[PDB]
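Visitor: What follows is work.tsv, made up of TSV, N, CA and C atoms:
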```tsv
chain	number	residue	atom	x	y	z
A	1	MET	N	12.31	-21.68	32.22
A	1	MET	CA	11.17	-21.50	31.25
A	1	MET	C	9.87	-21.44	32.06
A	2	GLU	N	8.86	-20.76	31.52
A	2	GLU	CA	7.62	-20.46	32.24
A	2	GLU	C	6.54	-21.47	31.97
A	3	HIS	N	5.85	-21.86	33.03
A	3	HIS	CA	5.05	-23.04	33.00
A	3	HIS	C	3.62	-22.63	32.71
A	4	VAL	N	3.27	-22.68	31.44
A	4	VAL	CA	1.91	-22.43	30.98
A	4	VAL	C	1.67	-23.18	29.71
A	5	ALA	N	0.51	-23.86	29.64
A	5	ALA	CA	0.12	-24.67	28.47
A	5	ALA	C	-0.71	-23.90	27.44
A	6	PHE	N	-0.45	-24.13	26.16
A	6	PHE	CA	-1.14	-23.31	25.15
A	6	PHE	C	-2.58	-23.71	25.12
A	7	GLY	N	-3.51	-22.74	24.94
A	7	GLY	CA	-4.91	-23.03	25.11
A	7	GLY	C	-5.44	-23.07	26.53
A	8	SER	N	-4.55	-22.93	27.49
A	8	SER	CA	-4.95	-22.83	28.89
A	8	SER	C	-6.11	-21.81	29.02
A	9	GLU	N	-7.12	-22.17	29.81
A	9	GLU	CA	-8.36	-21.42	29.89
A	9	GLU	C	-8.16	-20.11	30.68
A	10	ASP	N	-7.21	-20.14	31.59
A	10	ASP	CA	-7.05	-19.04	32.51
A	10	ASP	C	-5.81	-18.25	32.10
A	11	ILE	N	-5.48	-18.36	30.82
A	11	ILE	CA	-4.14	-18.04	30.37
A	11	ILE	C	-4.03	-16.54	30.39
A	12	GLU	N	-5.11	-15.86	30.00
A	12	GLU	CA	-5.18	-14.40	29.98
A	12	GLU	C	-4.98	-13.79	31.36
A	13	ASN	N	-5.18	-14.62	32.38
A	13	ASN	CA	-4.79	-14.26	33.74
A	13	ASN	C	-3.28	-14.43	34.03
A	14	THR	N	-2.75	-15.63	33.75
A	14	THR	CA	-1.40	-15.98	33.95
A	14	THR	C	-0.54	-14.94	33.38
A	15	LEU	N	-0.80	-14.54	32.14
A	15	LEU	CA	0.10	-13.61	31.46
A	15	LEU	C	-0.11	-12.18	31.89
A	16	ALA	N	-1.26	-11.91	32.53
A	16	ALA	CA	-1.52	-10.62	33.16
A	16	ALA	C	-0.39	-10.15	34.04
A	17	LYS	N	0.40	-11.06	34.58
A	17	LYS	CA	1.58	-10.68	35.37
A	17	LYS	C	2.94	-10.65	34.64
A	18	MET	N	2.99	-11.04	33.38
A	18	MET	CA	4.27	-11.09	32.68
A	18	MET	C	4.70	-9.77	31.99
A	19	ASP	N	5.97	-9.45	32.19
A	19	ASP	CA	6.68	-8.42	31.41
A	19	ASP	C	7.24	-9.01	30.11
A	20	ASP	N	7.94	-8.18	29.32
A	20	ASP	CA	8.53	-8.67	28.11
A	20	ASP	C	9.60	-9.75	28.37
A	21	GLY	N	10.29	-9.65	29.48
A	21	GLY	CA	11.20	-10.72	29.94
A	21	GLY	C	10.53	-12.05	30.18
A	22	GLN	N	9.57	-12.11	31.13
A	22	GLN	CA	8.81	-13.35	31.41
A	22	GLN	C	8.09	-13.85	30.17
A	23	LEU	N	7.79	-12.99	29.19
A	23	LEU	CA	7.08	-13.53	28.00
A	23	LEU	C	7.88	-14.42	27.02
A	24	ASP	N	9.18	-14.17	26.95
A	24	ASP	CA	10.09	-14.85	26.08
A	24	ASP	C	10.32	-16.20	26.65
A	25	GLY	N	9.83	-16.43	27.85
A	25	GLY	CA	9.95	-17.72	28.47
A	25	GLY	C	8.97	-18.79	28.13
A	26	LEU	N	8.08	-18.58	27.20
A	26	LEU	CA	7.00	-19.53	26.96
A	26	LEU	C	7.35	-20.43	25.79
A	27	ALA	N	6.59	-21.50	25.67
A	27	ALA	CA	6.79	-22.58	24.75
A	27	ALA	C	6.19	-22.36	23.41
A	28	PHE	N	5.74	-21.12	23.16
A	28	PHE	CA	4.85	-20.83	22.05
A	28	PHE	C	4.64	-19.32	21.81
A	29	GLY	N	4.30	-18.95	20.60
A	29	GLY	CA	4.32	-17.54	20.20
A	29	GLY	C	3.28	-16.75	20.98
A	30	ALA	N	3.56	-15.51	21.25
A	30	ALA	CA	2.69	-14.66	22.02
A	30	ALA	C	2.81	-13.29	21.51
A	31	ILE	N	1.73	-12.84	20.91
A	31	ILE	CA	1.55	-11.50	20.47
A	31	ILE	C	0.38	-10.80	21.18
A	32	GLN	N	0.69	-9.67	21.76
A	32	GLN	CA	-0.33	-8.76	22.30
A	32	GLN	C	-0.64	-7.62	21.37
A	33	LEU	N	-1.91	-7.51	21.01
A	33	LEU	CA	-2.36	-6.53	20.03
A	33	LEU	C	-3.25	-5.46	20.68
A	34	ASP	N	-3.40	-4.29	20.06
A	34	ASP	CA	-4.50	-3.38	20.48
A	34	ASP	C	-5.79	-3.64	19.63
A	35	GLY	N	-6.77	-2.76	19.58
A	35	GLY	CA	-7.94	-3.05	18.71
A	35	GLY	C	-7.68	-2.74	17.26
A	36	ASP	N	-6.72	-1.85	17.02
A	36	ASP	CA	-6.36	-1.56	15.60
A	36	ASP	C	-5.44	-2.62	15.06
A	37	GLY	N	-4.79	-3.37	15.94
A	37	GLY	CA	-3.93	-4.45	15.56
A	37	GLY	C	-2.46	-4.12	15.61
A	38	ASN	N	-2.17	-2.94	16.13
A	38	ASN	CA	-0.80	-2.53	16.32
A	38	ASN	C	-0.27	-3.51	17.39
A	39	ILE	N	0.99	-3.90	17.27
A	39	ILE	CA	1.61	-4.82	18.17
A	39	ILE	C	2.26	-4.16	19.35
A	40	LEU	N	1.71	-4.51	20.51
A	40	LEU	CA	2.17	-4.11	21.86
A	40	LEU	C	3.22	-4.97	22.49
A	41	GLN	N	3.15	-6.26	22.31
A	41	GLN	CA	4.23	-7.15	22.80
A	41	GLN	C	4.44	-8.24	21.76
A	42	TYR	N	5.58	-8.93	21.75
A	42	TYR	CA	5.89	-9.98	20.74
A	42	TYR	C	7.07	-10.86	21.22
A	43	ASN	N	6.77	-12.09	21.58
A	43	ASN	CA	7.72	-12.97	22.26
A	43	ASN	C	8.76	-13.59	21.34
A	44	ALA	N	9.91	-13.93	21.92
A	44	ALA	CA	10.96	-14.71	21.24
A	44	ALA	C	10.53	-15.90	20.34
A	45	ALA	N	9.60	-16.70	20.84
A	45	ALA	CA	9.02	-17.87	20.19
A	45	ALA	C	8.26	-17.63	18.88
A	46	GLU	N	7.76	-16.42	18.64
A	46	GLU	CA	6.96	-16.13	17.48
A	46	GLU	C	7.93	-15.57	16.47
A	47	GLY	N	8.99	-15.03	17.05
A	47	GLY	CA	10.15	-14.69	16.33
A	47	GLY	C	10.74	-16.00	15.82
A	48	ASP	N	10.65	-17.09	16.58
A	48	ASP	CA	11.33	-18.33	16.18
A	48	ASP	C	10.63	-19.02	15.02
A	49	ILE	N	9.33	-19.21	15.25
A	49	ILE	CA	8.39	-19.58	14.25
A	49	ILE	C	8.43	-18.73	12.97
A	50	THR	N	8.19	-17.42	13.04
A	50	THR	CA	8.13	-16.62	11.83
A	50	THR	C	9.42	-15.95	11.30
A	51	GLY	N	10.52	-15.98	12.03
A	51	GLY	CA	11.78	-15.36	11.57
A	51	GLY	C	11.89	-13.85	11.68
A	52	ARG	N	10.83	-13.26	12.16
A	52	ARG	CA	10.77	-11.86	12.59
A	52	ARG	C	11.47	-11.55	13.92
A	53	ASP	N	11.98	-10.33	13.99
A	53	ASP	CA	12.82	-9.89	15.08
A	53	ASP	C	11.93	-9.21	16.05
A	54	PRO	N	11.73	-9.85	17.23
A	54	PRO	CA	10.77	-9.37	18.18
A	54	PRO	C	10.78	-7.90	18.38
A	55	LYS	N	11.95	-7.29	18.42
A	55	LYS	CA	12.01	-5.95	19.02
A	55	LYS	C	11.59	-4.90	18.00
A	56	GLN	N	11.87	-5.17	16.72
A	56	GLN	CA	11.50	-4.28	15.62
A	56	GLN	C	10.03	-4.33	15.16
A	57	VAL	N	9.36	-5.45	15.45
A	57	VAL	CA	7.96	-5.56	15.07
A	57	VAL	C	6.96	-4.77	15.94
A	58	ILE	N	7.43	-4.05	16.97
A	58	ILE	CA	6.54	-3.46	17.96
A	58	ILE	C	6.17	-2.05	17.52
A	59	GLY	N	4.88	-1.73	17.50
A	59	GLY	CA	4.34	-0.53	16.85
A	59	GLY	C	3.77	-0.69	15.46
A	60	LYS	N	4.16	-1.77	14.79
A	60	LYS	CA	3.64	-2.02	13.42
A	60	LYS	C	2.26	-2.65	13.44
A	61	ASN	N	1.48	-2.45	12.39
A	61	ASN	CA	0.20	-3.10	12.29
A	61	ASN	C	0.43	-4.55	11.90
A	62	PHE	N	-0.10	-5.48	12.67
A	62	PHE	CA	-0.01	-6.92	12.37
A	62	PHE	C	-0.61	-7.36	11.03
A	63	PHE	N	-1.77	-6.80	10.69
A	63	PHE	CA	-2.50	-7.07	9.46
A	63	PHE	C	-2.26	-6.11	8.31
A	64	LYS	N	-1.69	-4.94	8.52
A	64	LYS	CA	-1.29	-4.09	7.41
A	64	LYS	C	0.12	-4.27	6.93
A	65	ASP	N	1.02	-4.47	7.92
A	65	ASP	CA	2.47	-4.26	7.85
A	65	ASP	C	3.35	-5.51	8.07
A	66	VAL	N	2.92	-6.41	8.91
A	66	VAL	CA	3.73	-7.50	9.40
A	66	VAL	C	3.24	-8.82	8.82
A	67	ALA	N	1.92	-9.01	8.70
A	67	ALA	CA	1.43	-10.25	8.19
A	67	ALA	C	0.13	-10.14	7.37
A	68	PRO	N	0.22	-9.68	6.12
A	68	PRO	CA	-0.84	-9.50	5.15
A	68	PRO	C	-1.60	-10.73	4.80
A	69	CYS	N	-0.97	-11.88	5.04
A	69	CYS	CA	-1.62	-13.17	4.84
A	69	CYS	C	-2.71	-13.61	5.86
A	70	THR	N	-2.75	-12.89	6.99
A	70	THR	CA	-3.83	-12.86	7.94
A	70	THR	C	-4.89	-11.77	7.71
A	71	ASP	N	-4.94	-11.16	6.53
A	71	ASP	CA	-5.92	-10.15	6.19
A	71	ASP	C	-6.90	-10.78	5.22
A	72	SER	N	-7.74	-11.60	5.86
A	72	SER	CA	-8.74	-12.46	5.26
A	72	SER	C	-9.93	-12.50	6.23
A	73	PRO	N	-11.08	-13.05	5.81
A	73	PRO	CA	-12.18	-13.29	6.71
A	73	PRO	C	-11.86	-14.27	7.79
A	74	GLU	N	-10.95	-15.18	7.52
A	74	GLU	CA	-10.73	-16.35	8.37
A	74	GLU	C	-9.69	-16.08	9.50
A	75	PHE	N	-9.21	-14.84	9.59
A	75	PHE	CA	-8.24	-14.40	10.57
A	75	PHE	C	-8.54	-12.96	10.89
A	76	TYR	N	-8.20	-12.04	10.02
A	76	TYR	CA	-8.46	-10.65	10.43
A	76	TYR	C	-9.93	-10.41	10.75
A	77	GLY	N	-10.83	-11.03	10.02
A	77	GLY	CA	-12.23	-10.77	10.15
A	77	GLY	C	-12.67	-11.21	11.53
A	78	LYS	N	-12.28	-12.42	11.89
A	78	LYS	CA	-12.37	-12.86	13.24
A	78	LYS	C	-11.95	-11.86	14.30
A	79	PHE	N	-10.72	-11.46	14.19
A	79	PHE	CA	-10.16	-10.55	15.11
A	79	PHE	C	-11.03	-9.35	15.30
A	80	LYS	N	-11.61	-8.86	14.24
A	80	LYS	CA	-12.30	-7.57	14.32
A	80	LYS	C	-13.75	-7.68	14.71
A	81	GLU	N	-14.32	-8.86	14.56
A	81	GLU	CA	-15.67	-9.21	15.06
A	81	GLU	C	-15.60	-9.26	16.58
A	82	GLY	N	-14.49	-9.82	17.06
A	82	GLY	CA	-14.12	-9.82	18.49
A	82	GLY	C	-13.91	-8.46	19.15
A	83	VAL	N	-13.20	-7.58	18.46
A	83	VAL	CA	-12.90	-6.21	18.99
A	83	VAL	C	-14.16	-5.34	19.12
A	84	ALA	N	-15.02	-5.39	18.14
A	84	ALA	CA	-16.23	-4.60	18.30
A	84	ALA	C	-17.18	-5.22	19.25
A	85	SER	N	-17.18	-6.56	19.38
A	85	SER	CA	-18.14	-7.28	20.31
A	85	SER	C	-17.78	-7.11	21.78
A	86	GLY	N	-16.48	-7.13	22.01
A	86	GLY	CA	-15.90	-6.88	23.28
A	86	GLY	C	-15.44	-8.17	23.86
A	87	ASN	N	-15.35	-9.17	23.01
A	87	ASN	CA	-15.04	-10.54	23.47
A	87	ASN	C	-14.65	-11.40	22.31
A	88	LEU	N	-13.70	-12.25	22.58
A	88	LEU	CA	-12.99	-13.01	21.58
A	88	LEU	C	-12.35	-14.17	22.25
A	89	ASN	N	-12.50	-15.33	21.63
A	89	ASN	CA	-11.89	-16.59	22.04
A	89	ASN	C	-12.08	-17.69	20.99
A	90	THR	N	-11.10	-17.80	20.13
A	90	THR	CA	-11.16	-18.71	19.05
A	90	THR	C	-9.80	-19.29	18.79
A	91	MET	N	-9.83	-20.57	18.43
A	91	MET	CA	-8.66	-21.35	18.03
A	91	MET	C	-8.89	-21.97	16.66
A	92	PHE	N	-7.83	-21.94	15.86
A	92	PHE	CA	-7.90	-22.39	14.52
A	92	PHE	C	-6.47	-22.59	14.00
A	93	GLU	N	-6.38	-23.54	13.10
A	93	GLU	CA	-5.22	-23.77	12.26
A	93	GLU	C	-5.20	-22.85	11.07
A	94	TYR	N	-3.99	-22.62	10.62
A	94	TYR	CA	-3.68	-21.58	9.72
A	94	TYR	C	-2.20	-21.70	9.30
A	95	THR	N	-1.97	-21.34	8.03
A	95	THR	CA	-0.72	-21.44	7.33
A	95	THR	C	-0.14	-20.03	7.16
A	96	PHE	N	0.97	-19.78	7.86
A	96	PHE	CA	1.76	-18.57	7.67
A	96	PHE	C	2.66	-18.70	6.44
A	97	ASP	N	2.45	-17.85	5.44
A	97	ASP	CA	3.27	-17.95	4.19
A	97	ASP	C	3.90	-16.68	3.69
A	98	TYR	N	3.87	-15.62	4.46
A	98	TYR	CA	4.34	-14.34	3.95
A	98	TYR	C	5.82	-14.04	4.05
A	99	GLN	N	6.51	-14.37	2.98
A	99	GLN	CA	7.87	-13.95	2.76
A	99	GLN	C	8.71	-14.91	3.63
A	100	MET	N	8.37	-16.20	3.54
A	100	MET	CA	8.77	-17.23	4.49
A	100	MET	C	8.38	-18.59	3.98
A	101	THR	N	8.98	-19.67	4.47
A	101	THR	CA	8.55	-21.02	4.02
A	101	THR	C	7.15	-21.36	4.57
A	102	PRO	N	6.22	-21.88	3.73
A	102	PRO	CA	4.93	-22.12	4.39
A	102	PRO	C	4.92	-23.07	5.53
A	103	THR	N	4.49	-22.53	6.68
A	103	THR	CA	4.48	-23.06	8.00
A	103	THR	C	3.03	-23.20	8.50
A	104	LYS	N	2.53	-24.43	8.76
A	104	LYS	CA	1.20	-24.64	9.36
A	104	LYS	C	1.42	-24.42	10.86
A	105	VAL	N	0.52	-23.67	11.47
A	105	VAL	CA	0.56	-23.30	12.90
A	105	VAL	C	-0.85	-23.47	13.38
A	106	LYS	N	-1.01	-23.59	14.70
A	106	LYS	CA	-2.26	-23.37	15.30
A	106	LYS	C	-2.28	-22.02	16.05
A	107	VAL	N	-3.41	-21.39	15.91
A	107	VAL	CA	-3.64	-20.12	16.47
A	107	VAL	C	-4.79	-20.09	17.48
A	108	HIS	N	-4.54	-19.47	18.62
A	108	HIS	CA	-5.61	-19.15	19.54
A	108	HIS	C	-5.57	-17.66	19.76
A	109	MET	N	-6.65	-16.96	19.41
A	109	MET	CA	-6.80	-15.53	19.80
A	109	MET	C	-7.74	-15.40	21.01
A	110	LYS	N	-7.50	-14.42	21.85
A	110	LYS	CA	-8.25	-14.24	23.08
A	110	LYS	C	-8.10	-12.84	23.64
A	111	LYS	N	-9.17	-12.35	24.26
A	111	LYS	CA	-9.19	-11.03	24.85
A	111	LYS	C	-8.35	-11.10	26.12
A	112	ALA	N	-7.52	-10.08	26.30
A	112	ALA	CA	-6.75	-9.95	27.50
A	112	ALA	C	-7.54	-9.21	28.58
A	113	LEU	N	-7.07	-9.39	29.81
A	113	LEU	CA	-7.67	-8.75	30.99
A	113	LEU	C	-7.57	-7.25	30.90
A	114	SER	N	-6.39	-6.77	30.47
A	114	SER	CA	-6.08	-5.35	30.31
A	114	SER	C	-6.92	-4.70	29.25
A	115	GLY	N	-7.71	-3.73	29.68
A	115	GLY	CA	-8.42	-2.83	28.78
A	115	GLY	C	-8.69	-3.33	27.39
A	116	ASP	N	-8.38	-2.51	26.41
A	116	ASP	CA	-8.52	-2.84	25.01
A	116	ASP	C	-7.22	-3.48	24.50
A	117	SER	N	-7.16	-4.79	24.64
A	117	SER	CA	-6.07	-5.54	24.06
A	117	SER	C	-6.26	-7.07	24.00
A	118	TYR	N	-5.59	-7.70	23.06
A	118	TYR	CA	-5.92	-9.04	22.67
A	118	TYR	C	-4.67	-9.86	22.49
A	119	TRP	N	-4.73	-11.15	22.75
A	119	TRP	CA	-3.62	-12.02	22.44
A	119	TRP	C	-3.85	-12.89	21.24
A	120	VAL	N	-2.74	-13.22	20.57
A	120	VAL	CA	-2.62	-14.33	19.67
A	120	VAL	C	-1.39	-15.13	20.15
A	121	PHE	N	-1.64	-16.43	20.30
A	121	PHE	CA	-0.73	-17.46	20.74
A	121	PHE	C	-0.64	-18.41	19.53
A	122	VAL	N	0.57	-18.80	19.24
A	122	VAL	CA	0.90	-19.53	18.06
A	122	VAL	C	1.84	-20.66	18.44
A	123	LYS	N	1.56	-21.83	17.89
A	123	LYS	CA	2.49	-22.99	18.02
A	123	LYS	C	2.48	-23.88	16.73
A	124	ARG	N	3.62	-24.53	16.45
A	124	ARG	CA	3.77	-25.35	15.29
A	124	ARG	C	2.75	-26.49	15.42
A	125	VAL	N	2.41	-27.09	14.30
A	125	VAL	CA	1.52	-28.22	14.28
A	125	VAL	C	1.79	-29.24	13.18
```
Could you take the file, read its structure, and then write that structure out as structure tokens?
Guide:
Amino acid sequence: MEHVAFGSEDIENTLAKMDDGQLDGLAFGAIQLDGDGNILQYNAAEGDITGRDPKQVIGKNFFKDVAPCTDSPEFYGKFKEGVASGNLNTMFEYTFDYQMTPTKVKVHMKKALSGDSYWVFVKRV
């Protein structure tokens, strides 16, 4: 298993070297998004938390298609204030309830090193 702590400050660096293989190795959910919110990567652990199948969720819109319950000011709005600003780094608690048992999680979103793309890291709470 891969040694990185959630909320780690330099985390967007650490993961800069991970492939889809090394990503499934973490202790917590990891989604890589573009600016439109289409999903570029999606780890085993977020599959574990949400019951979604990592491999099929790739290419879908996170906020249109995969998780409509994050299409609020308090999540999607955040995300998109970040994308136009060019910078994003926020952590917050949040309840995933879409087509699933309501699950309280903590969320950290953050801009990745790579061009136009963003992470969301998720862990139970």
Visitor: How far is it from CA of residue 44 in chain A to CA of residue 15 in chain A, in Å with one decimal?
Guide: 15.0 Å
Visitor: Near residue 45 in chain A, counting only C-alpha atoms, which residues have an atom at most 8 Å away, once you skip same-chain residues fewer than 3 positions from it, shown as JSON, numbers by chain?
Guide: {"A": [24, 26, 27, 28, 29, 30, 48, 49]}
Visitor: Just checking: using only C-alpha atoms, which residue out of A:19, A:36, A:2, A:74 ends up closest to residue 107 in chain A?
Guide: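 The closest residue to residue 107 in chain A is A:74.
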Visitor: Kindly indicate which residue among A:96, A:63, A:121, A:79 lies nearest to residue 108 in chain A, using only C-alpha atoms for the distances.
Guide: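 Closest to residue 108 in chain A of all the choices is A:121.
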Visitor: What's around residue 88 in chain A at 8 Å? Count all atoms listed in the file, leave out sequence neighbours fewer than 3 positions away in its own chain, and write the answer as a ChimeraX atom specification.
Guide: /A:78-79,81-83,85,91,109-112
Visitor: Give me a file of those residues, with N, CA and C atoms, as a compact mmCIF listing (two decimals), in the coordinates of the input.
Guide:
```
# COMPACT_ATOMS: atom_id res chain seq x y z
N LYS A 78 -12.28 -12.42 11.89
CA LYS A 78 -12.37 -12.86 13.24
C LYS A 78 -11.95 -11.86 14.30
N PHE A 79 -10.72 -11.46 14.19
CA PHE A 79 -10.16 -10.55 15.11
C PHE A 79 -11.03 -9.35 15.30
N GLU A 81 -14.32 -8.86 14.56
CA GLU A 81 -15.67 -9.21 15.06
C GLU A 81 -15.60 -9.26 16.58
N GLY A 82 -14.49 -9.82 17.06
CA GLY A 82 -14.12 -9.82 18.49
C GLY A 82 -13.91 -8.46 19.15
N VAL A 83 -13.20 -7.58 18.46
CA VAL A 83 -12.90 -6.21 18.99
C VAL A 83 -14.16 -5.34 19.12
N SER A 85 -17.18 -6.56 19.38
CA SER A 85 -18.14 -7.28 20.31
C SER A 85 -17.78 -7.11 21.78
N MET A 91 -9.83 -20.57 18.43
CA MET A 91 -8.66 -21.35 18.03
C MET A 91 -8.89 -21.97 16.66
N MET A 109 -6.65 -16.96 19.41
CA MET A 109 -6.80 -15.53 19.80
C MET A 109 -7.74 -15.40 21.01
N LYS A 110 -7.50 -14.42 21.85
CA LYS A 110 -8.25 -14.24 23.08
C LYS A 110 -8.10 -12.84 23.64
N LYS A 111 -9.17 -12.35 24.26
CA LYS A 111 -9.19 -11.03 24.85
C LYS A 111 -8.35 -11.10 26.12
N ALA A 112 -7.52 -10.08 26.30
CA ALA A 112 -6.75 -9.95 27.50
C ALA A 112 -7.54 -9.21 28.58
```
Visitor: Report as a list in words: the residues of chain A with a DSSP assignment of alpha helix (DSSP H), based on the backbone of this structure.
Guide: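 Listing alpha helix (DSSP H) positions across chain A yields residues 11, 12, 13, 14, 20, 21, 22, 23, 44, 45, 46, 47, 48, 49, 50, 78, 79, 80, 81, 82, 83, 84 and 85 of chain A.
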Visitor: For a test of reading the model, state the distance in Å between CA of residue 106 in chain A and atom C of residue 40 in chain A, rounded to one decimal.
Guide: 20.5 Å
Visitor: For the atom pair CA of residue 102 in chain A and CA of residue 72 in chain A, what is the interatomic distance in Å to one decimal place?
Guide: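 Computing it gives 16.8 Å between the two atoms.
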Visitor: Just checking: using all atoms listed in the file, which residue out of A:7, A:68, A:59, A:86 ends up closest to residue 41 in chain A?
Guide: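 Of all the options, A:59 lies closest to residue 41 in chain A.
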Visitor: From the set A:87, A:32, A:56, A:103, which residue has the shortest atom-to-atom contact distance to residue 119 in chain A, counting only C-alpha atoms?
Guide: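 Using only C-alpha atoms, the shortest distance to residue 119 in chain A belongs to A:32.
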Visitor: Just checking: using only N, CA and C atoms, which residue out of A:120, A:70, A:113, A:125 ends up closest to residue 16 in chain A?
Guide: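 When distances to residue 16 in chain A are compared using only N, CA and C atoms, the smallest one comes from A:113.
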Visitor: Using DSSP on the backbone coordinates, identify all residues within range 3-116 of chain A classified as strand (DSSP E); present the result as JSON, numbers by chain.
Guide: {"A": [29, 30, 31, 32, 33, 39, 40, 41, 42, 89, 90, 91, 92, 93, 94, 95, 96, 103, 104, 105, 106, 107, 108, 109, 110, 111]}
Visitor: For residue 117 in chain A, which of A:66, A:33, A:57, A:84 is the closest residue, counting all atoms listed in the file?
Guide: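 Closest residue, counting all atoms listed in the file: A:33.
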Visitor: Regenerate range 110-124 of chain A at the level of N, CA, C and O atoms and dump it as an mmCIF file, keeping the file's coordinate frame.
Guide:
```
data_model
loop_
_atom_site.group_PDB
_atom_site.id
_atom_site.type_symbol
_atom_site.label_atom_id
_atom_site.label_comp_id
_atom_site.auth_asym_id
_atom_site.auth_seq_id
_atom_site.Cartn_x
_atom_site.Cartn_y
_atom_site.Cartn_z
ATOM 1 N N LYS A 110 -7.500 -14.420 21.850
ATOM 2 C CA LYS A 110 -8.250 -14.240 23.080
ATOM 3 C C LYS A 110 -8.100 -12.840 23.640
ATOM 4 O O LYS A 110 -7.030 -12.249 23.548
ATOM 5 N N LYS A 111 -9.170 -12.350 24.260
ATOM 6 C CA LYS A 111 -9.190 -11.030 24.850
ATOM 7 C C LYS A 111 -8.350 -11.100 26.120
ATOM 8 O O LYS A 111 -8.363 -12.092 26.861
ATOM 9 N N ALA A 112 -7.520 -10.080 26.300
ATOM 10 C CA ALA A 112 -6.750 -9.950 27.500
ATOM 11 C C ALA A 112 -7.540 -9.210 28.580
ATOM 12 O O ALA A 112 -8.555 -8.519 28.323
ATOM 13 N N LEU A 113 -7.070 -9.390 29.810
ATOM 14 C CA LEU A 113 -7.670 -8.750 30.990
ATOM 15 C C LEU A 113 -7.570 -7.250 30.900
ATOM 16 O O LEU A 113 -8.511 -6.551 31.221
ATOM 17 N N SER A 114 -6.390 -6.770 30.470
ATOM 18 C CA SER A 114 -6.080 -5.350 30.310
ATOM 19 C C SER A 114 -6.920 -4.700 29.250
ATOM 20 O O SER A 114 -6.875 -5.081 28.073
ATOM 21 N N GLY A 115 -7.710 -3.730 29.680
ATOM 22 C CA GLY A 115 -8.420 -2.830 28.780
ATOM 23 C C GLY A 115 -8.690 -3.330 27.390
ATOM 24 O O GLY A 115 -9.166 -4.429 27.224
ATOM 25 N N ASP A 116 -8.380 -2.510 26.410
ATOM 26 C CA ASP A 116 -8.520 -2.840 25.010
ATOM 27 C C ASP A 116 -7.220 -3.480 24.500
ATOM 28 O O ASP A 116 -6.268 -2.806 24.065
ATOM 29 N N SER A 117 -7.160 -4.790 24.640
ATOM 30 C CA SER A 117 -6.070 -5.540 24.060
ATOM 31 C C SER A 117 -6.260 -7.070 24.000
ATOM 32 O O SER A 117 -6.945 -7.665 24.784
ATOM 33 N N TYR A 118 -5.590 -7.700 23.060
ATOM 34 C CA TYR A 118 -5.920 -9.040 22.670
ATOM 35 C C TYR A 118 -4.670 -9.860 22.490
ATOM 36 O O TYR A 118 -3.647 -9.316 22.135
ATOM 37 N N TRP A 119 -4.730 -11.150 22.750
ATOM 38 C CA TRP A 119 -3.620 -12.020 22.440
ATOM 39 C C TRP A 119 -3.850 -12.890 21.240
ATOM 40 O O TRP A 119 -4.985 -13.269 20.972
ATOM 41 N N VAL A 120 -2.740 -13.220 20.570
ATOM 42 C CA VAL A 120 -2.620 -14.330 19.670
ATOM 43 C C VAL A 120 -1.390 -15.130 20.150
ATOM 44 O O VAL A 120 -0.266 -14.564 20.337
ATOM 45 N N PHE A 121 -1.640 -16.430 20.300
ATOM 46 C CA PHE A 121 -0.730 -17.460 20.740
ATOM 47 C C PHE A 121 -0.640 -18.410 19.530
ATOM 48 O O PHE A 121 -1.650 -18.776 18.910
ATOM 49 N N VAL A 122 0.570 -18.800 19.240
ATOM 50 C CA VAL A 122 0.900 -19.530 18.060
ATOM 51 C C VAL A 122 1.840 -20.660 18.440
ATOM 52 O O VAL A 122 2.768 -20.490 19.264
ATOM 53 N N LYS A 123 1.560 -21.830 17.890
ATOM 54 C CA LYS A 123 2.490 -22.990 18.020
ATOM 55 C C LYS A 123 2.480 -23.880 16.730
ATOM 56 O O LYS A 123 1.511 -23.941 15.997
ATOM 57 N N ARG A 124 3.620 -24.530 16.450
ATOM 58 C CA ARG A 124 3.770 -25.350 15.290
ATOM 59 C C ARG A 124 2.750 -26.490 15.420
ATOM 60 O O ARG A 124 2.320 -26.851 16.508
#
```
